[PDB]
Amino acid sequence: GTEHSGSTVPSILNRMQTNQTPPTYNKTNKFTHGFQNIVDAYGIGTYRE
Amino acid sequence: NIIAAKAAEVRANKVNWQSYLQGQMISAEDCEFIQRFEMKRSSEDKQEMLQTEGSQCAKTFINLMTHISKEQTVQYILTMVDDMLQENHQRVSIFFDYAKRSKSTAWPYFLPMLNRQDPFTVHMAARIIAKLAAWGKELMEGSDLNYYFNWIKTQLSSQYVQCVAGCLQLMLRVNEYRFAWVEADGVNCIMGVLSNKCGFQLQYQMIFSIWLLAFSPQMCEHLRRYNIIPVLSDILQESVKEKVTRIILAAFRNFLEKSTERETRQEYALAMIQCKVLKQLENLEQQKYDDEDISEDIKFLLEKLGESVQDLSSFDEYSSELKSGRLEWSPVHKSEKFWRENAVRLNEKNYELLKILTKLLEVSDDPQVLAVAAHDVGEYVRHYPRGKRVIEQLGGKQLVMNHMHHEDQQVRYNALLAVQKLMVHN
Amino acid sequence: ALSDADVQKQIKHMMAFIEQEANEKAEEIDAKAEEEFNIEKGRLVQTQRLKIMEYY
Amino acid sequence: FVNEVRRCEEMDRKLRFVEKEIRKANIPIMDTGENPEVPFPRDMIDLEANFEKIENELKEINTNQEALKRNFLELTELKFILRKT
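Residue numbers (the deposited numbering), protein chains in the order written: chain A, 347 to 395; chain B, 17 to 173, 195 to 463; chain C, 2 to 57; chain D, 51 to 135.
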């Protein structure tokens with residue numbers, strides 16, 4: 347993105363850790379998405395469960 | 017940052033001057049000055065520099081840049097002396113290093129110099145040039161800095198080019214040499230290099246140069262022959278760097294403020310017809326900034342462009358151009374005030390203008406003027422049933438029907454619109 | 002390094018940007034002072050020229 | 051920045067009007083594909099202004115051809131009454 351627009355931007359993406367609770371994600375595919383939806387319809391739990 | 021990198025490199029090098037403090041090999045009496053009052057941070061050192069009176073400073077340093085020639089030593093020595101010459105907000109200020117004994121201490125050493133253009137030679141040259149504008153010495157002759165290669169080589173290439202451009206925009210402040218340069222071919226070089234699509238910083242500096250040159254109304258009349266204002270408006274449309282738009286707007290405001298003579302300021306109308314700047318102000322007005330100068334300049338330009346359209350919009354010149362035989366898409370076509378109130382003026386003696394416009398539609402075959410005439414006649418009949426029955430009698434309805442079969446389809450659609458304006462209860 | 006190198010890059014670009022903008026504001030305000038120099042010098046010069054030509 | 055967002059809402063309104071107009075007239079859409087065809091300029095503003103102008107043109111043609119149809123109906127009524135000895 348900097349190469350397209352050379353606005354003298356080094357495009358720095360640092361990292362941080364705080365008290366905020368992270369979101370939860372699980373990659374699905376062609377024969378597992380409806381099952382993720384079944385679990386989500388009845389509730390989603392903690393993080394890294 | 018190549019020249020900035022060179023400055024950084026030589027900013028960590030203090031030369032070996034004590035080893036030859038009295039030495040004739042390097043800086044016999046200059047090293048005495050380097051020893052004495054080296055701490056420029058101290059105001060006492062700067063103000064007791066006057067004890068020297070320039071006898072060593074900038075008098076024995078004259079031709080010292082030429083005394084040394086090895087690329088790895090001359091550069092450190094030259095950058096040290098130049099860096100001492102650089103800041104000088106109160107050290108030298110208005111050329112305090114006079115040293116009246118010789119005028120060779122200021123202008124006439126550049127001639128052997130400016131050769132081997134790369135290692136801080138043209139750069140310290142541009143710095144010595146920077147000791148001319150707001151300093152206690154003016155350039156002895158314009159050809160010294162108006163007919164040499166230190167800018168011809170930077171016309172196209195390269196941080197040195199950017200540094201030269203920066204110094205150049207800095208030097209356009211005193212009319213004495215601004216006028217001498219620009220009256221020569223410097224205008225052509227500036228126009229050529231701004232038109233060449235390059236780094237935005239360069240063109241940005243050149244529009245500063247244009248804004249500075251706009252300070253003279255006579256110079257604006259001189260430069261009217263170039264198409265600078267619409268092309269800068271095109272750049273404004275195709276480049277939005279905040280500051281760049283600010284400077285283009287500032288140049289237009291300065292031109293509008295000077296106003297050498299209205300009869301020569303057709304640029305009021307050019308700022309619209311060539312590019313509808315008000316279209317861009319429909320959105321720049323939505324853009325908000327903290328700099329109140331942006332808003333003030335925007336309001337100034339907006340009001341003045343509105344009054345430019347007001348003065349450009351006149352039934353007098355309108356009928357004059359309708360009788361001239363050459364027509365264009367004047368903004369008055371969409372001026373609903375015209376077609377609402379001043380439309381009865383198109384009825385001259387026994388509808389003379391309507392008659393000759395019907396004849397122009399009959400004879401002419403240029404699609405632009407034909408479409409203009411058809412659109413104008415349609416907007417005329419949009420407000421007059423008397424004109425409607427007259428044009429029905431004339432048979433010009435059939436002429437617009439023939440224009441609905443014109444070779445160009447846009448003119449066919451315009452004729453269709455005109456007939457639709459002839460369709461009210463018909 | 003990558004963390005502190007990026008910190009250095011951020012600080013560099015920040016100081017460069019503000020140096021640009023602030024120096025440019027200073028230059029513009031100085032130019033305004035110069036145009037106003039022209040205004041004052043014109044006013045005073047003409048007001049003096051009146052008396053000069055009267056006397057002569 | 052709600053000025054730009056409101057502008058976008060106007061763009062959506064105009065495009066929805068075009069959609070209904072084509073659907074009444076039975077004009078299909080190609081709809082091939084090529085989903086990632088996405089620039090981000092400022093010229094799109096002027097583009098959709100031009101499109102809004104064309105939409106105003108079509109609106110004017112509608113509001114005029116309705117009157118033309120009314121006039122034609124009255125004139126055909128005149129033609130009808132002109133058949134009587």
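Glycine included, each C-beta is placed from N, C-alpha and C at the ideal position.
With a threshold of 7 angstroms between beta carbons, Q47/C makes no contact with chain A. Shortest Cα-Cα distance from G343/B to any of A306/B, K169/B, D353/B, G158/B involves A306/B. Contact note: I384/A does not reach chain C at a C-beta cutoff of 8 angstroms; the least C-beta distance is about 42 angstroms. Annotation for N291/B: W248, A251, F252 place their beta carbon closer than 8 angstroms to its own, counting only its chain and skipping 5 residues before and after. Within the same chain, and ignoring the five residues on either side of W33/B in sequence, the residues whose Cβ sits closer than 7 angstroms to its Cβ are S43, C47, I50.
Following the DSSP letters along the chain, one finds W218/B inside the alpha helix (DSSP H) bounded by residues 212-218. Each residue's CA atom was taken as its position, placing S4/C and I358/A some 9 angstroms apart. For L286/B, the closest alpha carbon among the candidates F337/B, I168/B, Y164/B is that of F337/B. Per DSSP, the unbroken alpha helix (DSSP H) holding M94/D starts and ends at 93-131. Separation of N79/B and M129/B (C-alpha to C-alpha, rounded to the nearest whole angstrom) is 10 angstroms. In the three-state DSSP reduction, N131/B falls in the coil class, being neither helix nor strand. By the criterion of at least three beta-carbon pairs nearer than 8 angstroms, the region 133-142 of chain B is in contact with the region 91-110 of chain B. Contact between the region 392-399 of chain B and the region 365-375 of chain B is absent: fewer than 3 CB-CB pairs across the two stretches fall below 8 angstroms. For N53/D, the chain B residues whose Cβ falls inside 8 angstroms of its Cβ are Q323, in order along the chain. Under the Cβ distance rule, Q457/B counts among the residues neighbouring chain D, one pair being separated by less than 7 angstroms. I358/A has a beta carbon lying within less than 7 angstroms of a beta carbon in chain C.
Per DSSP, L453/B is one residue of the alpha helix (DSSP H) stretching across 446-458. Nearest Cα to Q405/B within the set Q446/B, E154/B, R299/B, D327/B: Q446/B. Non-local beta-carbon contacts of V90/B in its own chain, meaning distances under 6 angstroms to residues more than five positions away in sequence, involve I84 in chain order. For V448/B, the CB contacts under 7 angstroms within the same chain, skipping 5 residues up- and downstream, are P404, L407, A408, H440 in chain order. Relative to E378/B, the option among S351/B, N225/B, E69/B whose CA is nearest is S351/B. The beta-carbon distance between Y92/B and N29/B, rounded to whole angstroms, is 5 angstroms. This is short enough to meet the 8 angstroms contact definition. Listed along the chain, the chain C residues whose CB falls inside 7 angstroms of the CB of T364/A amount to none; the nearest CB is some 17 angstroms away. For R283/B, the enclosing alpha helix (DSSP H) has its first and last residue at 280-295. Interface annotation, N114/D: in contact with chain B, CB-CB separation under 7 angstroms.
Annotation: Cβ neighbours of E35/C in chain B (cutoff 9 angstroms, chain order): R210, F252. Secondary structure of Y305/B (DSSP, three-state): helix.
Going by beta carbons, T301/B and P254/B fall outside the 7 angstroms limit. Within chain B, the residues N320 have their CB atoms less than 7 angstroms from the CB of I95/D, given in chain order. Counted as a single uninterrupted DSSP element, the stretch harbouring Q323/B is not any alpha helix (DSSP H), since DSSP gives it neither H nor E. Rounded to whole angstroms, the Cβ separation of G223/B and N162/B is 7 angstroms, and the two are in contact under 8 angstroms. Per DSSP, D61/B is one residue of the alpha helix (DSSP H) stretching across 59-64. In the three-state reduction of the DSSP assignment, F352/B falls in the helix class.
For the pair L293/B and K341/B, the CB atoms are nearer than the 7 angstroms cut-off. Counting only Cβ-Cβ distances below 7 angstroms, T354/A has contacts in chain C at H14, in chain order.
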